[PDB]
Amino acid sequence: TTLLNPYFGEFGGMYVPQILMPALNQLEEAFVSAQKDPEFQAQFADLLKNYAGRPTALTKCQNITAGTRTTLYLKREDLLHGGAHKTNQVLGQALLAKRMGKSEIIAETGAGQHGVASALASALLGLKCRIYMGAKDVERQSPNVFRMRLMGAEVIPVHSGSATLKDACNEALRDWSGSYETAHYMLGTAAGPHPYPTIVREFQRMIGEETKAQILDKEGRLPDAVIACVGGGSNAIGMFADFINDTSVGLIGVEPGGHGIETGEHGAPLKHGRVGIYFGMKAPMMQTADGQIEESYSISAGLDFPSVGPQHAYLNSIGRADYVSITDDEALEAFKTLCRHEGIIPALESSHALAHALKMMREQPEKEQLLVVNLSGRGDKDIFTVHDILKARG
């Protein structure tokens, strides 16, 4: 049994080897305890405010929307310590680890943002951090690898399988199986086995809570829609959660369309994959006809999780949230537009969300609409990527 429901409709569960179940039950128990504990909440709040820089701004983008009836705000998770929303929940998870008496952290990372986040939280809170990263990603992400090491984390390359994120995810679990008595597995998105999708949402939900307060203050009403990119689902569910019961608020998740859905080179399992069981959960995934798991492709390394959080699959199924996709070229155009018109360099991940808002505006420019885009991270990291592409085209 469990304290909380491990499922969102058909999606989710705890598909791990039997040996890992006690670790998951322990964690669920500690989480439920922590959530009722005012001292935990105070400590987490203090870190978020005084270390991470919460609350983040809600910025009105008036240049971008000129000549249309769209009003567009950006939730500024790019201003969070570390440059992405990932910081919020690593702080919560690190505090949980300490509550359980754990001294060590295991994390997985792809593009490296979650790894840097895990390493910084571990440094602050006196935890011994080790990070698994697919060798292909280690090669592509020397800057982030070096940041992790400066912060005292041990970075472990993964050569098994495709030597990318899914393989790091596998190796992270392999390790925790044997070390969960003293180590906590700091999963990096709102996916994997229960209780992780729930924990990650609850430790990101301040995004949406702040957005609601801020939009009510500035506009006196709720948004028509809130829009967020979806790699594994953490920034999106953090934005969405507080608005789920506000039936008038649209919830729009944006998956990477890569070179185009029809090309097969994309990262949009929720809308174009097939339900499977992997990484501890039942959820839509990128997989062969035979059931082997495949990679997600995107211009943005950060949208490479080959599945999606089960709560998104559920919200889609019931029609509460809508999911769409944005191609590499659309994301690139949104990146360039934000830089030039607002002086904000967005992460290429977040640029997917922005691109869809830009489409909503441009497609129907006399439609009155109030939109909030979750700007999940800053794009300083993507300057070289964008440079080279723009150079390769001239």
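So that there is no doubt, residue numbering starts at 1 and follows the sequence shown. Rigid core: the largest C-alpha set superposing within 1.5 Å between the two forms.
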{"item": "Stretch departing more from the displayed form, 198-206 or 178-186, Cα RMS in 4 other deposited structures of this protein (core fit)", "value": "178-186"}
{"item": "Greatest C-alpha divergence in 4 other deposited structures of this protein once each structure is fitted on the rigid core, 189-197 or 293-301", "value": "293-301"}
{"item": "183-191 versus 284-292 - which carries the larger mean C-alpha B factor in the record", "value": "284-292"}
{"item": "Between 2-10 and 383-391 (mean CA B-factor, as deposited), the higher", "value": "383-391"}
{"item": "Most elevated Cα B-factor in the entry, residues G161, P256, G238, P223", "value": "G161"}
{"item": "Residue selected from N144, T71, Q204, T87 by maximal Cα B factor", "value": "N144"}
{"item": "Modelled-residue ranking by C-alpha temperature factor, third containing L165", "value": "highest"}
{"item": "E210 - which third its CA temperature factor falls in, relative to the rest of the chain", "value": "lowest"}
{"item": "Third of the chain's Cα B-factor distribution that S118 belongs to, per the entry", "value": "middle"}
{"item": "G101, C-alpha B-factor rank within chain (lowest, middle or highest third)", "value": "highest"}
{"item": "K36 CA temperature factor, ranked by third within the chain", "value": "highest"}
